[PDB]
Each structure stands twice: as structure tokens, then as C-alpha cells.
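# Remarks on the overall topology
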Amino acid sequence: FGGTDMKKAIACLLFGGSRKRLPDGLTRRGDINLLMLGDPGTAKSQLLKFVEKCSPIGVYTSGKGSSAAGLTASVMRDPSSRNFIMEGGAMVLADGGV
Amino acid sequence: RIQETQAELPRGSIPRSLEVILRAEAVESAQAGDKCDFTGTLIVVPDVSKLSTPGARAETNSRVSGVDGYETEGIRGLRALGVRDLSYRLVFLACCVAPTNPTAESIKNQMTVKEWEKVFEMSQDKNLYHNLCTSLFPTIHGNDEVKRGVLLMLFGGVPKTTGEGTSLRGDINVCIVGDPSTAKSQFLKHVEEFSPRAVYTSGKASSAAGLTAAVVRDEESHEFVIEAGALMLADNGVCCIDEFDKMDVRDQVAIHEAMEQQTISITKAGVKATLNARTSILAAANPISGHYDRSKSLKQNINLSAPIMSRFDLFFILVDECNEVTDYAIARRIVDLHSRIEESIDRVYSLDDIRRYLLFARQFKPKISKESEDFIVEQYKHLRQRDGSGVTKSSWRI
Amino acid sequence: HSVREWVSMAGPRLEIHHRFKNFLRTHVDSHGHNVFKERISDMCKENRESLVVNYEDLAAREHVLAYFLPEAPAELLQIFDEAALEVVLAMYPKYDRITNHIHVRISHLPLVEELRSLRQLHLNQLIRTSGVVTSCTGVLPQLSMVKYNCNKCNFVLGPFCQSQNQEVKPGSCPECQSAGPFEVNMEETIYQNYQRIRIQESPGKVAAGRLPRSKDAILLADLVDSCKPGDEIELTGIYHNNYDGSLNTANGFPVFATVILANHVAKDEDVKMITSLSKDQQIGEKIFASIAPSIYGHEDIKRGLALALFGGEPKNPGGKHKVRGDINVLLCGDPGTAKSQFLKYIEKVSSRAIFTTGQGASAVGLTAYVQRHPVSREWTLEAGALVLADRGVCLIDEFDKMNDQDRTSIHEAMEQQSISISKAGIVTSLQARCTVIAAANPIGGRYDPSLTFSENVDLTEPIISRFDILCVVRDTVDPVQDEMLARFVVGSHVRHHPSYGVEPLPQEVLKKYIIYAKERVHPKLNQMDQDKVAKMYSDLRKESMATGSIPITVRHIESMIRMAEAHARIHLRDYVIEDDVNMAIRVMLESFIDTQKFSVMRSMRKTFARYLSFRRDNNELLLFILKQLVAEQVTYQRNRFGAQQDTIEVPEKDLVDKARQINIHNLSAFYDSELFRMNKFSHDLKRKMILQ
Amino acid sequence: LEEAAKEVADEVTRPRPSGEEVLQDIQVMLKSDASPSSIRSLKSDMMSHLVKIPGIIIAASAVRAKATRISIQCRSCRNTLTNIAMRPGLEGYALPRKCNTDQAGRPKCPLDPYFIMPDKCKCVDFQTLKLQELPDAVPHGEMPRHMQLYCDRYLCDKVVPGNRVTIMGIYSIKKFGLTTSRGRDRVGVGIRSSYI
Amino acid sequence: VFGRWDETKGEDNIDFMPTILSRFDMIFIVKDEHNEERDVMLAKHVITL
Ligand SMILES: Nc1ncnc2c1ncn2[C@@H]1O[C@H](COP(=O)(O)OP(=O)(O)OP(=O)(O)O)[C@@H](O)[C@H]1O
Ligand SMILES: Nc1ncnc2c1ncn2[C@@H]1O[C@H](COP(=O)(O)OP(=O)(O)O)[C@@H](O)[C@H]1O
Ligand SMILES: Nc1ncnc2c1ncn2[C@@H]1O[C@H](COP(=O)(O)OP(=O)(O)O)[C@@H](O)[C@H]1O
Ligand SMILES: [Mg+2]
Ligand SMILES: [Mg+2]
Ligand SMILES: [Zn+2]
Ligand SMILES: [Zn+2]
């Protein structure tokens with residue numbers, strides 16, 4: 001119930017903007033970032049879950065990551081066989097998603 | 001495997017370890033943690049990887065030489081002459097194993113008529129409550145409450161099980177907290193000396209694998225064998241822990257697990273096993289500031305976790321008086337020890353008699369009488385009512 | 001000569017075969033019925049492959065076979081198998097198409113010594129042991145009747161029987177006379193079921209001062225997967241040496257390894273009864289009182305756990321709005337209130353319940369990880385306790401002691417109902433549809449009535465908000481309650497030495513009712529009353545804002561609905577009525593009010609006495625008033641006198657006035673009530689007084 | 001069926017561009033609507049038959065090379081045996097020991113004269129996978145069971161670890177000769193490692 | 001920051017530094033607003049759902 005403006009903001013979030021590289025090699029962000037501050041019980045988490053389901057690519061996480069997955073990527077070296085391993089984080093696992 | 005005892009150690013030397021082999025009927029005896037005398041032979045057994053350098057070796061007396069195309073080179077020549085490396089090790093074979101110093105009906109039958117006479121004489125004395133306090137602790141002055149508590153912990157209670165699958169503790173655990181030099185480690189040392197199966201450990205000296213258990217592979221067969229820790233060697237005995245605060249929090253977690261479940265679970269090296277640890281714990285701890293603060297509760301004076309704090313049956317607190325006449329009474333005893341090396345002791349019962357009586361006494365499983373039910377109910381009611389607001393705060397809460 | 005030597009020769013072999021055939025054909029029970037008749041008939045009805053024989057009957061009928069059985073098991077078992085196969089094929093001719101062999105297993109025996117006593121004397125004999133299973137290798141295809149392909153030509157060598165002692169090595173190809181090599185014809189070979197088990201002594205039977213010992217056993221054919229790890233079993237088997245590789249040769253003494261080969265293992269109207277119990281008008285109170293027989297008091301907690309166990313119903317219109325039906329429970333209590341016993345009972349009752357502790361060293365972890373298992377030595381993905389309890393209950397003890405990872409995983413599993421894993425090249429999402437029940441202690445070690453629930457507990461507000469029901473167990477010195485609790489404890493201790501609700505249902509009946517209600521009861525909300533709910537919600541929010549702390553939110557209403565559904569599931573109602581709604585209202589209001597501090601709680605309790613009094617007892621309220629007055633008098637006596645007096649007395653006028661304030665004008669039934677006598681109260685008309 | 005498919009493909013696409021006359025092999029995959037069965041139901045009776053099983057993939061090894069046609073050479077006379085067909089699955093091959101050439105008057109070749117020529121062999125892709133029982137169907141209080149899977153040619157890289165897959169295959173055993181048991185444990189007799 | 005919004009305090013209700021807040025495009029603030037007749041509609045909508 002309610003939040004028509006909020007729903008429209010979420011829709012334009014889902015569609016997203018357009019990214020633009022430049023001749024100098026510099027880039028400019030083409031994606032939208034939103035913040036929602038509110039009292040408990042204001043139906044915020046449900047919108048996030050609906051966005052996660054609606055978008056073709058979507059990851060839902062909290063602060064400090066998830067149960068067994070971090071929020072950012074990390075790099076290690078295998079001592080037995082020398083290979084540079086990288087662990088996918090919640091941000092790396094999404095490309096073009098929400 | 002056997003080890004050389006401490007009394008035989010020379011200056012600055014680690015105890016010697018030896019391997020003993022049991023055949024047929026003698027196989028049964030000599031369990032882990034014992035202190036036993038062996039009688040047998042000393043025998044030489046070959047070894048493989050002793051010689052990284054060439055040494056004494058065997059050969060054949062035949063005067064045989066090679067022929068062209070079959071010349072006695074290294075490998076073929078060594079194999080043709082049957083050369084074997086003479087390496088050896090020392091192994092003890094045992095034919096008699098005995099205790100160094102030696103089911104209630106079985107215990108009664110084992111004892112002789114004179115031993116049973118002594119046991120019966122001990123049995124019907126009220127001074128048994130008093131004299132046992134003085135016998136085990138002749139030199140320590142005062143602190144009779146701690147002596148009584150330690151004796152009660154030694155005798156222990158009765159374990160029971162319920163119909164729902166739960167189990168109830170039958171052991172008693174004791175903690176002592178006190179100011180410096182209040183004979184706090186003397187009780188631990190005396191209990192270690194008296195008890196036949198007791199292990200004394202300091203907080204930081206013992207590791208996690210030192211307690212609990214370890215798993216290693218059998219030398220010959222495919223099976224596995226278990227190395228017992230301090231708690232397993234002290235099974236159905238007393239474990240003494242000095243400087244209880246110095247133990248790691250995770251070691252304290254393991255100790256609490258052993259105190260609650262009374263079971264050690266091992267899942268390592270392809271072996272899953274459960275072992276029984278029915279130990280009674282005697283622990284000594286220091287105040288946080290090095291002295292007991294009279295203005296604060298017990299929970300604010302010790303750095304111990306709440307669960308293990310609640311698991312302990314009894315806490316004893318020792319505080320040193322400054323200039324009371326006891327300073328004289330203490331001194332008179334101490335010099336009495338130095339002036340009289342062995343003649344200043346008036347023990348009533350020898351330690352062996354006490355051990356025999358304790359072994360006989362631990363077999364009993366007394367029940368709870370009907371009047372005792374109501375008496376305990378009313379006494380617990382009074383104890384809880386003591387917690388009322390009409391009187392000052394107490395260290396505990398009931 | 002040895003027993004096996006006499007067994008080997010053909011004469012006594014055929015004679016014993018005939019004797020066993022006659023024993024099979026002529027054996028009858030104590031009532032004259034042919035035992036093997038019914039046995040083989042019921043075996044035939046399910047196309048089974050095994051037959052069970054008792055040593056007692058075998059010894060009674062034919063003594064020589066029983067005498068020879070222990071000291072020559074393999075050949076005698078083979079002969080008995082042949083005889084049984086002949087008899088069965090005589091009874092039915094179709095098994096030549098179905099099963100070409102039948103095994104004979106010995107069921108009962110004179111009990112043989114434990115694992116300690118097995119020594120050289122028991123080699124190649126028949127023994128019976130008891131132990132505890134610790135590991136299993138799974139099911140493995142072993143060879144039997146092997147066909148080999150020659151590698152020079154392509155001839156197929158005939159079937160060879162695979163003995164358990166040595167591998168089969170064919171001599172030469174019958175046609176080209178080659179000496180090898182040969183390989184196994186995979187398509188034409190026959191295979192058998194094989195499993196390996198490790199058995200350890202029961203820890204209760206081990207004498208003090210020594211350690212439990214273990215031994216290995218092998219199960220074949222129908223015996224596979226008949227035991228779970230951690231169970232207690234009894235085997236009848238053969239103590240064996242003659243298998244290749246038993247002798248230690250490379251180094252050390254000439255030591256042999258022993259193995260045991262086992263051949264036996266020894267560990268409609270209900271729906272009508274459920275409907276009949278549902279027909280009873282007071283089934284709900286029976287179920288409420290049926291929970292936790294061994295715990296005294298805490299009736300409200302048991303009532304809440306009833307709804308938690310029965311549960312609700314998830315709802316998801318389309319694939320957009322998911323709403324769970326699992327009712328989580330949180331308990332916060334002072335030490336000694338027996339919070340863990342509730343979790344133990346719930347684990348015992350629940351069909352699928354997982355238990356874990358946050359302090360550390362738990363048997364089951366709370367976080368998924370990929371690891372080589374220490375026992376099976378296999379690369380496994382071990383999910384947490386949350387994943388394992390799909391459509392089940394997860395229990396967490398010592399909720400405050402949990403570290404960062406456990407809190408994060410619990411928050412993710414409670415709010416999203418799924419667990420995400422990104423470890424060792426594995427990216428997964430797993431379902432965590434489970435009900436969470438937790439127990440905890442306050443921050444200072446004692447609950448403070450002057451502070452809110454959040455200030456008393458180490459947990460955070462987002463975690464608390466997830467739980468539908470919060471229960472607070474505060475320890476307070478009540479002499480009568482303490483006396484009753486002590487009486488129960490001492491009675492339990494004495495009983496277990498080695499030498500309101502009319503009647504609770506049996507535990508198995510309760511389990512069956514729970515299963516049936518979960519499977520076949522789906523209450524419908526087609527008769528809800530929105531007007532009363534909306535008005536009550538508005539009034540609750542209004543007075544919450546008037547007090548000025550912790551306002552109510554829509555989430556609570558959802559919980560109410562779920563609880564209502566749970567209540568409708570208790571009575572097997574297919575539709576929701578006002579009684580369930582009012583009960584859920586009472587539960588939700590109690591939970592909400594109990595989390596407030598002193599003044600706010602008192603004001604809310606006084607104002608909302610209308611709703612909280614649904615199906616309540618006036619006598620209980622009067623008892624509460626009397627207890628409050630008694631406590632006030634006792635506190636005054638203790639503060640002024642410095643000690644309690646021998647008697648407690650209270651005028652009736654104060655009780656009457658307070659009852660009038662709660663709109664109660666008669667108290668004779670309260671005087672005659674059982675609650676009055678249980679607390680040892682008396683009423684004297686000679687002085688118009690109440691004495692305790 | 002693969003030979004029939006190759007012949008049909010030759011029939012339909014005869015006028016190919018010049019130079020590429022070589023007709024290559026064709027892999028035939030299977031698919032069905034039959035409902036699956038539990039992995040726990042796999043027992044001795046299902047050997048060398050066709051089974052359908054669900055699972056979750058937890059490990060996938062690297063793609064390697066396996067030979068299907070080999071050619072070997074003799075030490076002395078340098079004669080060659082060509083176009084020897086290898087068997088599919090985890091099965092090996094044993095080289096012959098005798099040189100099969102008629103030589104009268106000439107001296108003869110020694111014993112075991114054959115060497116494998118690597119540059120004259122046909123190779124295909126090879127992969128092994130590890131499959132675990134579904135958590136949705138694992139019995140309460142029981143450790144999950146595992147299985148090893150063999151992937152050949154075009155089936156490689158179709159599955160990423162973490163996916164939930166349904167697999168149709170043949171239940172088999174490895175065949176690397178009658179090797180002796182190893183290790184300090186020798187209880188098991190006549191056990192061949194199984195796979196799908 | 002305090003668990004529930006405090007309108008009169010204005011600022012200091014948000015703990016984030018302005019640097020991280022700059023990266024957001026739109027910021028929404030939601031409050032539990034007292035409306036006696038709106039609660040009836042919300043309850044009816046919820047029960048209807
Ligand atoms: N109402 C009761 N009925 C029966 N036993 C009780 C009751 N209250 C407490 N007990 C007993 O009190 C003892 C306290 O141990 P228990 O593990 O139950 O405590 P807990 O409440 O979980 O405490 P903690 O906060 O330390 O985890 C138990 O042996 C339990 O049987
Ligand atoms: N306007 C609304 N319409 C429908 N449902 C609502 C509305 N407001 C609240 N709810 C219900 O209340 C719950 C709100 O919880 P949640 O969204 O998790 O709160 P928050 O996002 O603040 O943590 C949801 O489950 C939702 O079903
Ligand atoms: N009450 C006492 N009676 C006899 N000797 C005592 C007494 N108190 C202290 N002592 C002596 O003082 C020393 C105390 O040291 P110790 O007990 O090791 O201190 P702590 O255990 O606190 O580290 C002991 O050697 C003991 O001989
Ligand atoms: Mg000391
Ligand atoms: Mg507890
Ligand atoms: Zn051949
Ligand atoms: Zn050649």
C-alpha cells in the first residue's frame with residue numbers, strides 16, 4: 001500500500017541509466033543508487049526482495065556479507081600449486097544487476 | 001610402553017622410555033597410567049633405519065668370485081653374497097607384572113583379617129570426620145573448612161539416570177580463591193600425593209591435546225590406538241588444576257564440555273569414538289587484583305565464564321588477617337617443621353589404610369529416606385529465604 | 001579328526017543335507033502350526049531372499065548340527081543354504097527366474113563375550129557380539145560369477161565363483177592357451193552388495209580405568225544398509241584370519257589382523273481416533289497441558305510452544321509477496337529456570353529437529369563449509385544446522401555467546417529464508433524453511449524490570465524483531481512455588497534411583513495428531529472480522545503513542561493471524577472463527593506488553609484488561625491480588641522489624657475493594673476454589689481475615 | 001546409433017566444400033521424460049543398465065585428453081600397427097609383446113619391441129565430476145553419499161559446480177587390470193571402484 | 001540512529017558521513033505517521049490480501 005513515488009523510483013532503478021566512456025579514457029557511472037531510511041515496520045525489506053526477484057540479475061545481502069560469502073572479493077595464493085585464486089564476493093558476482 | 005620414574009632421574013635428565021611385550025595370559029594386565037614392577041628378560045630385536053652410515057654387516061664364508069658378464073658389482077654382488085646390515089634395538093619381554101604398591105564383595109575378600117579388623121575399627125569412629133582432616137594435612141594450620149570440603153569431594157556422591165534418557169551428576173567440584181601465601185597450592189599437592197590416580201596441571205603448561213585424547217596409528221595392524229590425556233588418566237579420580245585463570249578460554253570450553261557431558265568425543269584420522277571422563281575437579285584461582293576485594297561480589301573478583309562458574313559445587317575464599325595472634329601460631333608450626341624434620345607429625349591413620357577405607361567406601365550407594373525429603377525441602381526453603389532484602393547482599397545467589 | 005575335516009567329505013554332507021531338509025519340512029511350532037510354511041509364504045509374498053533360523057529349535061530337533069555349527073560355520077551354512085533352496089524351489093518353481101540363491105541366518109544364540117575377550121581361541125568360530133556402530137562405507141558392488149575376456153583372442157571364459165579369501169586368477173585361455181592378461185567382462189558379470197562397518201564398545205559398559213576397543217565387520221547381500229551410525233547393534237558372525245594380507249610381513253613382529261564376517265543384525269484406525277479426539281471440545285487444553293511433562297509451571301511458555309510446533313501456513317500471491325508461516329520463539333531467563341530442558345523436550349518430540357549451541361565445539365555447526373571429512377576422508381559440502389532442518393525445527397542454546405559469523409548466518413536465514421554459499425569454486429543458494437527456537441540470559445546475569453527487553457539482552461533490535469513470541473522467565477522468591485519446585489526435584493531424584501487439563505494425550509498419539517494436522521488441515525480465513533481488528537489496532541497504536549515508547553506495528557497483526565491459523569489447526573477447523581482470533585489477540589498482547597518497562601507495562605495492563613481477560617479465570621486474578629498484598633505486607637515486615645513474623649494476615653476489605661476495581665463482587669467461590677487451598681490460604685469469618 | 005547418424009549426415013550433406021572430404025564422428029545424447037530415481041537406489045542389480053539420477057555438483061576437474069585411436073612402432077624393423085580402437089570409459093590397453101612379421105633368413109626382433117607414437121593418435125576431451133545427494137532428500141541424521149561421473153567430448157563444461165543437475169548414464173566400474181591391493185588395509189577382496 | 005526517528009532533532013539522526021551519502025542518487029525518509037483513519041484501511045488491506 002502507498003509509496004507510488006517510491007515504486008516509480010524503484011522502476012527507474014530497474015531500468016537504469018546509460019554508461020558513457022570518453023575519449024580521454026575516463027568513464028562516468030550509468031547506474032542509479034538509492035537509500036531508504038525509516039522506522040521499523042515500514043515495508044522496506046519486502047521491496048528489496050521484490051527487486052531481487054524482479055531484476056534479471058539480483059543479489060540480496062546484508063552488512064558484513066552473507067552466511068558464507070563476503071561482500072567484496074579477496075585474493076589468495078595456493079601454496080602447493082602456485083595459482084592466484086580469487087573468491088567471488090557479493091559485488092563481483094553481480095554485473096549489470098541490482 | 002613404560003617410562004622411568006621421577007625418583008630415578010639423575011641431574012638434568014629426561015626420563016627413559018622402554019617397550020614391554022606381553023604374551024598370552026599376562027596380556028590382560030598393565031593398563032595405562034599405572035606404576036608397576038616388571039620381571040622378565042632383556043632381548044635384542046633388529047631395526048631397519050638406524051644406520052644412515054655403513055656399519056657392521058654379515059656375509060658368507062664361501063670364496064666365490066664373479067665371471068665376465070656377471071661380475072660382482074654393487075647390487076648384484078651384495079645380493080649374491082647375502083649381505084645384511086647388523087642393526088639392533090633393545091626390547092623387554094615381561095613374564096610377571098605386579099603393582100608397585102597394592103563389587104564390594106571382591107574388595108572385602110581381597111583384604112586380610114587384620115586389614116578388615118583395621119577397616120572395621122576405622123568404620124565406627126566419629127573422630128573419623130576429625131582425624132581424617134588432621135591426617136591428610138598435618139602441617140597446614142587452620143582452614144578446616146577446606147579440608148572437610150576436599151574430603152567430601154574425595155568420597156563423592158552417587159550417579160543416577162532418569163527414564164527420559166537424561167543423566168545426573170554424581171561428582172563434586174571444588175574451587176579455592178585466596179590471597180597470596182595462604183597455603184593454596186598445599187592442598188593441591190597433598191591431594192596429588194594421597195590419591196593413587198590424580199594428575200596435577202598448571203594453567204599454561206598443559207595443551208589442548210595434553211588433555212582430552214589423541215589418536216595415532218597402530219604399528220603392525222590397520223587399527224588405531226588412543227593416547228589418554230590428563231582427564232582420561234584421572235578417570236573416576238581427582239584432577240588438580242593450579243592457576244586456573246591462566247588457562248585459555250577455549251581450553252576452559254573443553255573443560256566445561258567434559259564437566260557437563262562427562263564424555264570426550266573424537267573425530268580424527270578416520271576414527272570416531274566416545275570416551276568416558278568421570279572426573280572430579282579441584283581448582284585454584286587468584287583474584288583479579290591479586291587480593292580479594294571485600295566490597296564486591298564473587299562474580300566481580302574472578303575472571304571466569306558464567307557456565308563453568310555455575311558448574312562448580314563449592315567455592316572457598318581465603319583472606320589473610322594482618323596482625324592477629326595466629327601469626328605466632330603459624331610460626332610455631334613452621335619452625336617445628338624445620339627443627340623436627342619428621343618427629344613433628346601425629347598422624348592417626350597411615351595413608352595406605354585411608355586408601356583402603358576409601359576404596360571400600362566408594363562402593364556404597366545410599367538411598368534418600370522419606371523424612372530427608374521434607375527436611376531438605378524446608379532447608380532449601382530457608383536457604384532461599386535468606387536471600388531476602390532484609391539482610392545485606394551475599395556473594396552468591398541461590 | 002577336526003570337525004571341518006569330517007564336514008568336508010561327501011557322505012556326511014549328503015546325510016546332513018537330508019537331515020536339514022527333513023527338519024525344514026517337519027518343523028512345527030508349540031501349537032502345531034508349520035512354522036516354515038507361514039515363514040516361506042510371507043517371504044514369497046514380498047519376493048525376499050533371506051531366511052531366519054533359531055539356534056534353539058535347531059538344537060532341539062537335530063543336536064549334531066547345532067554342536068558342529070560353532071566350529072565349522074562356512075561349510076555348514078553352505079549346506080543349509082542348499083537345503084533351504086531345494087525346499088523353497090519345491091514349494092514354488094518361479095524363483096529360478098527371480099532368485100537363484102537363498103541365505104540362511106541364525107537369529108538367537110547363547111550370548112558370547114564382548115569385544116575384549118576375543119582371542120586366539122575364537123578364530124574360525126561362530127560368535128555373537130553387541131556394540132555401537134561408528135561408521136559405514138555405503139553400498140559397494142562386489143564380484144560374483146566373474147566372466148573374463150581373453151586379450152589375444154576374444155573368447156569369454158566361463159563363470160568363476162569369487163571366494164572371500166583370495167582373488168580369482170584364471171590359469172590360461174582354453175582356446176589359444178595364452179597365460180594372460182585377462183580383464184573382466186563388465187556386461188555379463190554378476191554383482192553382490194557389500195558394506196563395511198566399525199563397531200565400538202558401548203561406553204556405559206566399560207570398566208573405569210580402561211578404554212573401549214573396536215573391531216571391523218562385513219555385511220553382504222540383504223544385510224547392507226540395515227544399520228545407521230551411532231546405533232547399538234548385535235551381530236552373529238565368524239571370527240576370521242584366512243584372508244590375504246592379514247599377516248604383517250614388511251616390518252615388525254609376525255602379527256595377524258582379525259575380521260568378523262556377519263550374517264545377522266539385531267537392534268487407519270489411528271485417523272478415526274484422531275478425529276474422535278478432535279470431536280472432544282477441550283482438545284486444545286489437552287494439547288497445551290501435554291507439552292513438557294517434566295517441567296513444572298511456565299504454562300504460558302508451553303501454550304506458545306504448542307502454536308510454534310503446530311505452525312501456520314505460508315502465503316505467496318504469485319511470485320511476488322512471500323509471507324512465512326513459521327512462528328519463531330525466543331526465551332530469555334535468569335539462571336536455573338530450565339530453559340534448555342524445553343529445547344531438549346522439543347528435540348525429542350519433533351520428527352525433524354536439529355540442536356546446536358553457540359558457545360562452541362558443537363556437534364553440528366551453524367555455518368556451511370566445504371571440507372574433507374575426517375572419518376570418511378571424502379570431499380563434502382556440509383551445510384549448517386539451518387539448511388539441514390528443512391520443514392523442521394532448529395534449536396540454538398546460549399544465543400548470546402555466538403560470534404559474528406553465526407549471527408550473520410542466522411540473520412540471513414531468518415530474514416531471507418535462504419543461505420548463500422560462495423566457497424572453493426562453489427556458488428549455491430539453499431532453502432532454509434525452518435522454525436527457530438532460542439534461549440538466552442540477560443546481560444548482567446539478572447533481569448531488570450526497569451529496563452526494556454532490548455536493553456536487558458545482548459542481542460540487537462533487528463534480530464529480536466524477527467521472533468514472533470518473546471518469553472521472559474524472571475526468578476523471584478515465592479515460598480510456595482519454591483517449595484513445590486523443590487518437592488518435584490527431590491521426587492525426581494528419589495524415583496530415578498537404580499533400585500486444569502483433564503488428561504494429557506500420549507506422546508505417540510500427540511505425534512500422530514501433529515502429523516495428521518500438518519498434512520491434512522488447511523484453515524481458511526474466509527470469515528475474518530476486519531472491523532474489530534482495525535479498531536483494536538488503532539486503539540493500541542494510539543495508547544502506545546500516548547505512553548510514548550515502543551509503538552505497535554503491522555507485523556504483530558500478521559503474527560496474530562498466523563497464531564489464529566495455528567489455533568484453527570488445533571481443532572481441525574477448516575475455517576477461522578472468532579475464538580482463535582481472540583486467543584491470538586491475547587497471546588500477541590501479552591507478548592507485546594511484557595517487553596515494556598514497569599510504568600508502561602502497568603498502564604497498558606490496566607487499560608487493556610478487556611482483551612487480556614479472554615477465557616481467563618477470575619480465581620487466578622484474585623490469587624494474584626492476594627499474592628501482591630501478601631508480598632507488600634511481607635516486605636513491610638522485613639524492612640521495619642528486620643525479620644519476618646510467624647504469621648501473615650490480610651483484611652478481606654482490601655481484596656473486596658480491588659475486586660470491585662476489577663468489577664468482581666463475589667468471592668465465596670474463590671474461598672471454596674482449589675487455588676485457595678493449594679497456596680495454603682485460609683479465611684476466617686470470626687475476624688473477616690485471610691491467613692497464610 | 002552413432003554409425004547410423006554418421007551415415008545419415010553423409011547422405012544429407014554430400015556436396016560439401018572441396019578439401020574437407022573427411023567425415024567426422026557424431027556424438028548422440030539421450031533425453032527422456034521418465035521421472036528420476038533416488039541415488040540411494042543404486043545397487044548391484046543396476047550394473048551396465050541405464051539410470052536417471054538427480055544431484056548437486058560440488059567438484060569438477062580440469063579438461064584433459066584421452067586417446068581413442070593409437071599407433072605403435074617396432075624397435076628394430078620399424079614396422080607399425082595402426083588404427084587400433086580404444087575402449088570408451090575408464091579402461092586401459094596392453095601392448096603386444098611379439099613382432100608379427102614374417103622374417104625367414106633374417107634375424108628376429110627382440111622381446112617387447114613396441115613404442116607408442118604420440119603424434120599419430122586421435123584424442124578427445126575428458127572430464128571427471130563429483131556429485132552429491134540432494135539436501136532435500138538426504139535422510140535425517142545420515143551423512144550424504146557421493147558419486148563420480150565421467151564426461152566425454154561435448155558433455156564437458158556444460159555443468160558448473162553448484163548447479164542442480166539431472167543426469168542419465170550407465171553404471172559401470174573402472175578397468176585397469178587385475179592390480180594388487182595397496183596400503184596397510186587389505187580387508188576388502190574383489191572390489192572394483194564404481195562410477196557412472 | 002536512536003532506533004526511531006526524532007523529527008525535532010533534525011540532523012544527527014543519520015550516522016553516515018557526508019562522503020558516503022554523496023554517492024547516493026535519491027534518499028527517502030519514512031516515518032510512522034499518526035493517522036487514525038489510515039490504520040483501518042491498512043488493516044483491511046492486509047486482511048484482504
Ligand atoms: N521447573 C523446573 N522443573 C524441573 N527442573 C527444573 C526446573 N527449573 C529448573 N530445573 C532444573 O534446574 C537445573 C538447571 O539446569 P538447566 O540446564 O535446566 O538450566 P538453564 O535454565 O538452561 O540455565 P543456563 O542459563 O545456565 O543455561 C536443571 O537440572 C533443571 O532440571
Ligand atoms: N503497506 C503495506 N502493505 C502490505 N503489507 C505490509 C504493509 N506494511 C507492512 N506490511 C507487512 O509488514 C511486514 C513488514 O516487515 P518488513 O518489511 O520486514 O519491515 P522492514 O522492511 O522495516 O524491516 C511485511 O511482511 C508486510 O507483509
Ligand atoms: N597456614 C599455613 N600453615 C603452614 N604453612 C603455610 C601457611 N600459609 C603459608 N604457608 C607456607 O607459605 C608457603 C605458601 O606458598 P604457596 O602455598 O605456594 O602460595 P600460593 O599457593 O598462594 O602461590 C608454603 O610454602 C607454606 O609452607
Ligand atoms: Mg600457588
Ligand atoms: Mg542451558
Ligand atoms: Zn584366448
Ligand atoms: Zn619388428
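What counts and what doesn't
The residue numbering used throughout counts from 1 along each chain in the order its sequence is written. It may not match the entry numbering, and residues with no coordinates are not shown. Naming scheme: in the order in which they are written, chains are lettered from A and ligands are numbered from 1. Bear in mind the chains here are only a fraction of a larger assembly, and the values reflect that fraction. Side-chain numbers here rest on the full set of heavy atoms in the structure, without hydrogens or water. To be near a molecule or strand, a residue needs just one of its heavy atoms within 4 Å of it. As used in this structure description, the phrase polar contact means that two N or O atoms lie within 3.5 Å; if the pair is within protein, one of them must be able to donate a hydrogen and the other to accept it, and residues adjacent in sequence are counted only when both atoms belong to side chains. Areas reported as accessible are Shrake-Rupley estimates using a 1.4 Å probe. Residue values count occlusion only from the protein chains shown. Within this analysis, patches are made of residues with over 30% relative accessible area and no salt bridge. Like charges are joined at 9 Å or less; nonpolar side chains (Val, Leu, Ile, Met, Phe, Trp, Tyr) at 5 Å or less. Counted as salt bridges are all cases of a side-chain nitrogen of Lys or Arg within 4 Å of a carboxyl oxygen of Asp or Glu. Neither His nor the chain ends contribute to the count of charged residues, in which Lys and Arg are positive and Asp and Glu negative. For this purpose, a charge sits on NZ of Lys, CZ of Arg, CG of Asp or CD of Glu. Helix numbers and strand numbers start at the N terminus; a helix is a DSSP run of H or I with at least 4 residues, a strand a run of E with at least 2. We call a residue buried when its accessible area falls under 20% of the maximum for its residue type, exposed when it is over 50%, and partly exposed in between, using a 1.4 Å probe and counting protein chains only. Metal donors: N, O and S atoms at distances within 2.8 Å, or within 3.2 Å for Na, K and Ca, with water omitted from the atom set so that some sites may seem incomplete. Here a site with four donors is tetrahedral if all angles are between 85 and 135 degrees, and a site with four or six donors is square planar or octahedral if opposite donors are over 155 degrees apart and the other angles are between 65 and 115; anything else gets the irregular label. A pair of strands counts as paired when DSSP detects no fewer than two bridges linking them.

This entry lists cryo-EM as its structure determination method and reports a resolution of 3.1 Å.

What follows concerns the site of ligand 3. All names here are of chain B. The environment of ligand 3 is formed by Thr139, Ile140, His141, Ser181, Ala183, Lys184 and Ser185. Here a nitrogen atom of ligand 3 and a backbone polar atom of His141 are 3.3 Å apart. A distance of 3.5 Å separates an oxygen atom of ligand 3 from a polar backbone atom of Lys184. Summarising the interface, the protein chains cover 62% of the accessible area of ligand 3, which totals 570 Å² for the free molecule.

Another aspect to go through is a negative patch on the surface. All names here are of chain B. Together, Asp320, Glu321, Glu324 and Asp327 make up a negatively charged patch on the protein surface. On the secondary structure map, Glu321 appears in the loop between β16 (314-318) and α10 (326-339). For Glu321, a relative accessible area of 42% gives the class partly exposed.

Around a metal, the perfect tetrahedron of four donors has angles of 109.5 degrees, and the perfect octahedron of six donors has angles of 90 or 180 degrees. Residues and elements named next belong to chain D. Coordination of the zinc ion (ligand 7) by the protein involves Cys74 (SG), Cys77 (SG), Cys99 (SG) and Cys109 (SG), with metal-donor separations of 2.2 to 2.4 Å. Considering all 4 donor atoms around the zinc ion (ligand 7), angles at the metal cover 104 to 119° and the coordination shape is tetrahedral. The sequence pattern formed by the donor residues of the zinc ion (ligand 7) is C-x2-C-x21-C-x9-C. Here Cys74 falls in the buried class, since its relative accessible area comes to 3%. Accessibility expressed as a relative area gives 27% for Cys77, which makes it partly exposed.

Residues and elements named next belong to chain B. In terms of burial, strand β12 (residues 238-242) is largely enclosed, as 5 of its 5 residues are buried. Because side chains alternate across β12, one face comprises the buried residues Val238, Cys240 and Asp242, and the other comprises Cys239 and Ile241, equally buried. Pairing between strand β9 (residues 198-202) and β12: 5 bridges, direction parallel. Paired with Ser202 across the strands is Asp242, a residue of β12. In this sheet, strand β15 (residues 280-285) lies alongside β12 in parallel orientation, the contact comprising 4 bridges. Counterpart to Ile241 in the pairing with β15 is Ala283.

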